[PDB]
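Structure first, then comments.
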């Protein structure tokens with residue numbers, strides 16, 4: 001497929017794991033469809049490092065910013081591809097990332113491992129605790145008190 | 001001319017500069033392609049940003065850009 005001609009055609013604090021570098025390279029190659037040197041093939045397909053940062057952060061051990069992803073690609077992967085990242089990824093056999101998760105599980109396990117006088121006030125009120133009043137009598141006392149309060153108010 | 005396009009606040013000055021550049025483009029008596037390009041790029045950057053409300057100035061500049069793109073000599077430059 002050849003794009004049609006237009007009027008404008010001129011006639012890092014945590015270390016990067018091999019899985020992160022591999023995701024970065026594969027995002028740039030597959031999604032952006034850009035070459036190693038990011039030379040523009042189609043004018044509309046300008047590099048999008050936000051998408052690459054999103055792809056890398058799907059499996060990264062820490063948030064990688066778009067600027068960090070661009071800097072890493074240009075300063076490591078281009079010189080490395082010019083052992084290749086694919087060869088290092090194949091030889092690692094996921095050992096480093098497995099050991100990372102083992103270490104995290106160990107830290108989480110470490111954190112998990114590191115984990116009478118009452119009658120006096122009734123007698124002052126006038127309540128014989130040992131001779132309960134049934135609810136009918138208490139309701140009658142409430143009614144009498146309310147009636148006396150109403151009479152006092154009147 | 002570049003400082004007039006960039007900093008000058010008077011829209012009449014900008015219209016005069018655009019007229020001068022249009023006369024130059026539509027014509028050693030005329031500026032080189034590099035000078036025309038510099039002036040047109042400065043106008044493209046500052047005229048719209050500094051004078052959004054001036055419809056006549058923007059129309060004159062867009063008419064000049066239209067002539068440039070219609071011109072066969074400058075096509076593909």
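Tabulated data for the structure shown
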{"item": "Test for residue A:57: is it over 22 Å from residue A:97 (Cβ atoms) and away from chain B (no Cβ under 14 Å)", "result": "no"}
{"item": "Residue match in the range B:22-36 (condition: within 14 Å of another protein chain (Cβ to nearest Cβ) and closer than 17 Å to residue A:8 by Cα)", "result": "yes"}
{"item": "Residues being assigned to a helix (DSSP H, G or I) and farther than 17 Å from residue A:82 by Cβ - total across the range A:24-39", "result": "4"}
{"item": "Among the residues listed as B:57, B:62, the single one being over 25 Å from residue A:10 (Cα atoms), away from chain A (no Cβ under 14 Å) and in a helix (DSSP H, G or I)", "result": "B:57"}
{"item": "All positions within the range A:1-39 that are loosely packed, with under 11 Cβ neighbours inside 10 Å, in contact with a helix residue (DSSP H, G or I) (Cβ under 8 Å, 6 or more places away or on another chain) and more than 14 Å from every other protein chain (Cβ to nearest Cβ)", "result": "A:37"}
{"item": "Tally of residues being assigned to a loop (DSSP other than H, G, I, E, B), away from chain A (no Cβ under 12 Å) and touching a helix residue (DSSP H, G or I) at 6+ places or on another chain (Cβ under 8 Å) across the range B:65-77", "result": "0"}
{"item": "Considering residues of the range B:41-54 that are assigned to a helix (DSSP H, G or I) and more than 14 Å from chain A (Cβ to nearest Cβ) only, the residue farthest from residue A:7 (Cα to Cα)", "result": "B:50"}
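The numbers here are math on the coordinates, done by the rules we state, and not lab data. Positions of Cβ are generated from backbone atoms using ideal geometry, with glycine treated the same way; all protein chains shown enter the neighbour counts.
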